[PDB]
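Trainee: Handing you a structure now.
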Amino acid sequence: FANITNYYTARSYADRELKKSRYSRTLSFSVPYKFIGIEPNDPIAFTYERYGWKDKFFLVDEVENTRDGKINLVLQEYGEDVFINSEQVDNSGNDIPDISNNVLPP
Amino acid sequence: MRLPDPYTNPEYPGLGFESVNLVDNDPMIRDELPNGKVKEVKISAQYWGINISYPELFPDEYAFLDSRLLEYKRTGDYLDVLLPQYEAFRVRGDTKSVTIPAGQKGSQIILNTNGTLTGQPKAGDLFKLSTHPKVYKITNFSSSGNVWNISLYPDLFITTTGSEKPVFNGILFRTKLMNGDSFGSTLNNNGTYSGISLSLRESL
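Protein sequence lines correspond, in order, to chains c and Y.
Okay, so the first sequence: first residue is 634 according to the deposited numbering, each after it adds one.
Okay, so the second sequence: first residue is 1 according to the deposited numbering, each after it adds one.
What follows is the structure, given as structure tokens:
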């Protein structure tokens, strides 16, 4: 992490990434001109009865708009647990100041 | 410029249209969803396609027809094509005292005949405005007094400015000759020209 300096925030973000890595499954399909307005990172519930899917959570990853009113989509599977935060402990006592690089007085 | 037909030129009976083909060209994007609902999308314009076939042509008939076609290709004019089957005279009178309210951009013309026109147009006839060259077919007609409600197949290619005048008789297709890139006619040993076909397209 380049832009994160808070230890607990970085730990939470790493936990989120680890949770998000467990859902690696993408889906692509096309929809008619209706449903216009879909944008990436939008919540979509997929329901395909042939599979064991009933309102499965997905996030838009790729959206392509054509001039003949057809929208191509690529969904990315997510979960609810991705956005809940697990309890952590305090690293307050593990700080290591650099008190070196100077001459100690007598 | 008018295409030679046995109306203006009866001395060349071989110039008659042995068979015409009025082609309805309205390109659309048709998509069939798996739920059984077929959906269409229309963007491009509709243009009447006319295909003319000819019989064996004697040297004088072919000379006249070829001179006219070469004059067309020289001046870059527009061939006018007259279909006899669409020349039934129903509406008669003056089309200058009739008024068309402006702002009509849909697929329907509402005009006040002002009682100056006798007869009524029939569905399936040919209708055209005086300020635009596009040719329309009347799909429905309801008359309530002097105001007429004419319904046209192609959506109005122009927005009425209030100065347009309806034209019911003497309607010509402002066509442009296709397949003119490779245009030819074989002359047989018996002196008659064969294999002449005109694929025309309405270039409004």
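We put the beta carbon where it would ideally sit given N, CA and C, even for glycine.
Within 10 angstroms of the Cβ of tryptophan 686 of chain c, are there 16 or more other Cβ atoms? Answer buried if so, exposed if not.
Mentor: exposed
Trainee: Can you tell me the Cα-Cα spacing of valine 707 of chain c and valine 664 of chain c, whole angstroms?
Mentor: 11 Å
Trainee: Check distances from the C-beta atoms of the segment 695 to 716 of chain c to those of chain Y and list, in chain order, the residues that come in under 8 Å.
Mentor: Of all residues in the segment 695 to 716 of chain c, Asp701, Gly702, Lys703 have a Cβ within less than 8 Å of some Cβ in chain Y.
Trainee: If I follow the unbroken alpha helix (DSSP H) through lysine 39 of chain Y, where does it start and stop?
Mentor: Here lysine 39 of chain Y belongs to no alpha helix (DSSP H); instead the beta strand (DSSP E) covers 38 to 41.
Trainee: Are the beta-carbon atoms of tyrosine 711 of chain c and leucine 692 of chain c separated by less than 9 Å?
Mentor: Taking 9 Å as the cut-off, the Cβ atoms of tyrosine 711 of chain c and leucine 692 of chain c count as close.
Trainee: Taking C-alpha atoms, which residue in Y:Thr75, Y:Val81, Y:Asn114 lies nearest to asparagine 21 of chain Y?
Mentor: Y:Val81
Trainee: For the segment 646 to 673 of chain c, which residues have a CB atom closer than 7 Å to at least one CB atom of chain Y, in sequence order?
Mentor: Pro665
Trainee: Which residues in the same chain have their Cβ closer than 6 Å to the Cβ of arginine 2 of chain Y, if we skip the five residues on either side of it in sequence?
Mentor: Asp80
Trainee: Would you kindly work out how many angstroms separate the C-alpha atoms of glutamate 713 of chain c and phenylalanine 690 of chain c, rounded to a whole number?
Mentor: 8 Å
Trainee: In the DSSP assignment, find the unbroken alpha helix (DSSP H) run with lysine 689 of chain c in it and report its ends.
Mentor: From DSSP, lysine 689 of chain c is part of no alpha helix (DSSP H) but of the beta strand (DSSP E) over 689 to 698.
Trainee: Please give me, in chain order, every unbroken run of the beta strand (DSSP E) with length at least 3 that falls completely inside the segment 50 to 91 of chain Y.
Mentor: 79 to 81
Trainee: Name the chain c residues whose beta carbon is nearer than 7 Å to that of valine 38 of chain Y?
Mentor: Within 7 Å Cβ-Cβ: nothing; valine 38 of chain Y doesn't reach chain c, min ~12 Å.
Trainee: Closest to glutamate 61 of chain Y by C-alpha separation, out of Y:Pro4, Y:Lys39, Y:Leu204, would be which residue?
Mentor: Put simply, of Y:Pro4, Y:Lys39, Y:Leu204 the residue whose alpha carbon is nearest the alpha carbon of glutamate 61 of chain Y is Y:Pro4.
Trainee: Answer with yes or no whether the minimum CB distance from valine 41 of chain Y to chain c is below 9 Å.
Mentor: yes
Trainee: For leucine 177 of chain Y versus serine 199 of chain Y, is the C-beta spacing smaller than 9 Å?
Mentor: yes
Trainee: What does a CB cutoff of less than 8 Å around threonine 680 of chain c pick up in its chain, not counting 5 residues either side in sequence?
Mentor: Contacts found: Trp686, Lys687, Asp688, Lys689.
Trainee: Taking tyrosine 86 of chain Y and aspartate 125 of chain Y to be in contact with their CB atoms under 8 Å, please state how far apart those CB atoms are, rounded to whole angstroms.
Mentor: 7 Å
Trainee: Within the same chain, show all residues whose beta-carbon is closer than 7 Å to that of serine 142 of chain Y, passing over the 5 residues directly before and after it, in chain order.
Mentor: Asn149
Trainee: Using DSSP's beta-bridge definition, name the partner residues of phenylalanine 157 of chain Y.
Mentor: Its beta-bridge partners do not exist; DSSP assigns none.
Trainee: I'd like to know if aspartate 26 of chain Y contacts chain c, where contact means its C-beta is closer than 9 Å to some C-beta of that chain.
Mentor: no
Trainee: To the nearest angstrom, report how far apart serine 657 of chain c and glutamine 709 of chain c are at their CA atoms.
Mentor: 8 Å
Trainee: Which runs of the beta strand (DSSP E) spanning at least 3 residues fall entirely within the segment 125 to 153 of chain Y, listed in chain order?
Mentor: 126 to 129, 135 to 144, 147 to 152
Trainee: Taking its Cβ as the centre, do 16 or more other Cβ atoms sit within 10 Å of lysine 73 of chain Y, making it buried, or is it exposed?
Mentor: exposed
Trainee: Would you be able to state if there are at least three C-beta pairs under 8 Å between the segment 159 to 167 of chain Y and the segment 92 to 99 of chain Y?
Mentor: They touch, by the three-pair rule.
Trainee: With a threshold of 9 Å between beta-carbons, can residue 206 of chain Y be considered close to chain c, or not?
Mentor: There is simply no residue 206 of chain Y to check, as chain Y begins at 1 and stops at 204 in what is shown.
Trainee: Closest Cβ-Cβ distance between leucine 177 of chain Y and chain c: below 9 Å?
Mentor: no
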